[PDB]
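As a starting point, one isolated chain is supplied in structure tokens, in the form solved without the named molecule.
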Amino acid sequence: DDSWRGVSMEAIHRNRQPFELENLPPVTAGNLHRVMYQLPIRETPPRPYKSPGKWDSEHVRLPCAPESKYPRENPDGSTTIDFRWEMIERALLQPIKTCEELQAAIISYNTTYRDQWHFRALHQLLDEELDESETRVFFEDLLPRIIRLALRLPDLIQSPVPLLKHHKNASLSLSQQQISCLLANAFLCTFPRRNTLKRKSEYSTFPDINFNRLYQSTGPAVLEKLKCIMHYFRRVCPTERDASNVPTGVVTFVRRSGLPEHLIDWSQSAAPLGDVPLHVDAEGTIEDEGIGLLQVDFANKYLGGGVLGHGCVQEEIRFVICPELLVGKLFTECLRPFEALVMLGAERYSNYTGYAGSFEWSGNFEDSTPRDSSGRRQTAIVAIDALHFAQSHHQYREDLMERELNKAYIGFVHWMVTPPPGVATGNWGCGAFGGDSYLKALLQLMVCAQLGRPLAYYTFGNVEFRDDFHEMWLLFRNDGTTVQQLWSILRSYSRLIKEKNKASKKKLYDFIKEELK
């Protein structure tokens, strides 16, 4: 009569309370860890760290930077070159009473995009979705708050914000407050040099950050993501009265970049697959039931995927109910094959129903997840990007099974002295992305086996698959099957499929009871 099979949740936690095992070391400022606030944290919210600003190829181009210049065409037809931040202030402190004036204000410092940008999702939310009185509240209450917060960027960010590039193991930690400010800037499309669509541009290996592409999109899932974002700002912006609602803590972003040294040779892993404490659940979610665990983000190589766009599946949804993740887009270069991004601290602000086109904001969430010693909520998320397959069969290539093993490997490494909590994951890169649920569950088990991590796997309503995966773990447990041995069998399946879901699991049966004599 239970939703789950395999080992129990208490067991995934080693019969120790959730949150006793940590997923990241404490924040310390170092050569490889930049921290945007003063350590140790005395006052809350954390006090900003002060150092000389940077306008260069190694750091975020901040909208408030004195180096940021902009041409303005004037009434009289002439050019004035001015400081773009000063133009931004002037635009955003004019009164703004309608959606057309908001767009015109934003365009006034983005004039290149005058006839390319149209904020149709914002027009749809404010002119068609909301009643006259909720729209008046957006322009009299919320938008003024977002502007005031955006304009405090030079007060809240007083040190350079580094980019987390390719092939560099590095961490960045910011206050939730600092992130709210950066995001208010993105909402108002203020980030310089991050708008061009030209193919071989400065930041073309970085995700989008200005919210314009969200505003350009259509359909109800998009309006619902806007509602999540509106709500985030209502939660985290100071009210006219007081700033007591402003979030108190910290978020840490860690780029994991594996060296060739770190690559596992999978045909040498002597790790027994059945020794993995496996908990497979057909109800529940990673974000709810996976507390204390390393929760997986079924990521795009560009962090956040199409969250600022039409995207509304597992990654995008997590980035709008926990919007502080969005700031990763500002500074995180796209993930190479042996890289991952760990995100610890992101507060949840919203509840939701549905998935893809049915996705809806369904109310306020008051996150009471306890904070670590560093002031981070103990919500640890790893972004690992699966491959997409137009052709299902391609994924059975040995090279692309190994690519996925190694992607999940770099995501799931621990590299701490204390022992690792379990991973909370599910159907990674499956459904419409082409991944085989059955294969991807095994790859994830192989990785967890090898690293000595429990695995809580969520099948999101699929009892059938819960059982086939549980059953295969039992078969490995009392056959004492090993990683290198399942790898061997999996390589066999590679060469069989090159001649031509439920079939991957039938052939292991076969290549496994042939051993049983």
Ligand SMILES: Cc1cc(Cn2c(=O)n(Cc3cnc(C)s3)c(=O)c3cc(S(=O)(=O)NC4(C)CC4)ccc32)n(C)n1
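Start at 1 and count along the sequence shown; that's the residue number.
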Legend entry - Unresolved deposited residues in the interval that joins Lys500 and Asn501: 4 to 9
Legend entry - Average Cα temperature factor in the PDB entry - higher stretch of 258-266, 228-236: 258-266
Inset, instruction - Between 463-471 and 53-61, name whichever shows the higher mean Cα B factor according to the PDB entry. - result: 463-471
Legend entry - Cα B factor band for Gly77 (lowest, middle or highest third within the chain): highest
Legend entry - Third of chain Cα B-factors occupied by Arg34: lowest
Inset, instruction - Grab the CA temperature factor for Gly290 from the record and place it in the lowest, middle or highest third of its chain. - result: middle
Inset, instruction - Relative to the other modelled residues of the same chain, rank the CA B-factor of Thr190 and answer lowest, middle or highest third. - result: lowest
Inset, instruction - Can you work out whether the C-alpha temperature factor of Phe138 puts it in the lowest, middle or highest third of the chain? - result: middle
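FYI, the form deposited with the named molecule bound isn't displayed, but the following is about it.
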Inset, instruction - Verify the contact flag for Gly284: yes if a non-hydrogen atom of it lies within 4.5 Å of a non-hydrogen atom of the named molecule in the deposited complex, no if not. - result: yes
Legend entry - Contact flag, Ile317 vs the named molecule in the deposited complex, heavy atom cut 4.5 Å: yes
Inset, instruction - Consider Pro52 of the chain shown here, and say whether it contacts the named molecule in the deposited complex, taking contact as heavy atoms within 4.5 Å. - result: no
Legend entry - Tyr109 within 4.5 Å of the named molecule in the deposited complex, heavy atoms: no
Inset, instruction - State the residue from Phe83, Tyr355, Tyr113, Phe139 whose non-hydrogen atoms include one within 4.5 Å of the named molecule in the deposited complex. - result: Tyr355
Legend entry - Heavy atom within 4.5 Å of the named molecule in the deposited complex - residue from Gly30, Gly461, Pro40, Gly480: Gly461
Inset, instruction - Would you point out which of 22-30, 453-461, 61-69, 472-480 contains residues with a non-hydrogen atom within 4.5 Å of the named molecule in the deposited complex? - result: 453-461
